[PDB]
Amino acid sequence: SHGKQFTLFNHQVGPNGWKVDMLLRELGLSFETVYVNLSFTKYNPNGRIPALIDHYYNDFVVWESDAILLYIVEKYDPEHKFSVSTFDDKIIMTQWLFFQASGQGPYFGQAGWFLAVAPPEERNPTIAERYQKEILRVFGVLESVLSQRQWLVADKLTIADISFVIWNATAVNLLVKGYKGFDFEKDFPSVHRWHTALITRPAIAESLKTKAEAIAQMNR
């Protein structure tokens, strides 16, 4: 047929590529997904997914999931459906993306490593508890903010909010499920409100459905 605009190098299990999948569906953009078995370093020297190739921009490549989000909205969100136009809003949107990238992803991922996805002999629930506690602390930070604002930035849905979704879903369903009586809605009602709003959006729900189906299809 005709070449789609984007290649998203993604992974069925790993959360981070699905931030980008969510945004591409939200904006209605055309992309193929390549699930990478975890070249590729030719597209990202760090050797990690996601990476994005923009075939309609001379095969421009961007890696780091949150940098990909910014690229997409800076080039392909002219009506600012999921982004912002003023300088002040832009820098605060970037602030919250860096909090996601440095404060959620890595620490949620260490909980996942020691609880769930390391080789079984290397899993360690005692060490994992350090990062389960960090998950709850991050939830507490989000709670203190979202108790008094609808969205993170400019009172509108942006990629700042979207960037938190996939790891938050992983945390609630897996990483802190059953941890010391954790109850998402009771313990962090504002985060629950915000998260539930996000995952019930058609495009985001479609992304989560696609991820589940993709896991079901990957053998094993």
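In this text, residue numbers run from 1 along the sequence as written.
- Per the record, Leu38 and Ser39 are separated by a gap of 4 to 9 residues from the deposited sequence that were not modelled.
- The stretch 41-49 shows the higher mean C-alpha B-factor when 65-73 is compared against 41-49 in the entry.
- Looking at mean Cα B-factors across 136-144 and 92-100, the upper value is held by 136-144.
- Of all the options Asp54, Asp155, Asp161, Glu32, the entry's greatest CA B-factor is assigned to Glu32.
- Ranked within its chain, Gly105 lands in the lowest third, by CA B factor from the PDB record.
- Sort the modelled residues of the chain by CA B factor and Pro15 lands in the lowest third.
- Remark: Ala111 belongs to the lowest third of its chain, ranked by C-alpha B-factor as recorded.
- Per the deposited record, the Cα B-factor of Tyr179 falls in the highest third when ranked against the other modelled residues of its chain.
- In this PDB entry, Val172 carries a Cα temperature factor that places it within the highest third of its chain's modelled residues.
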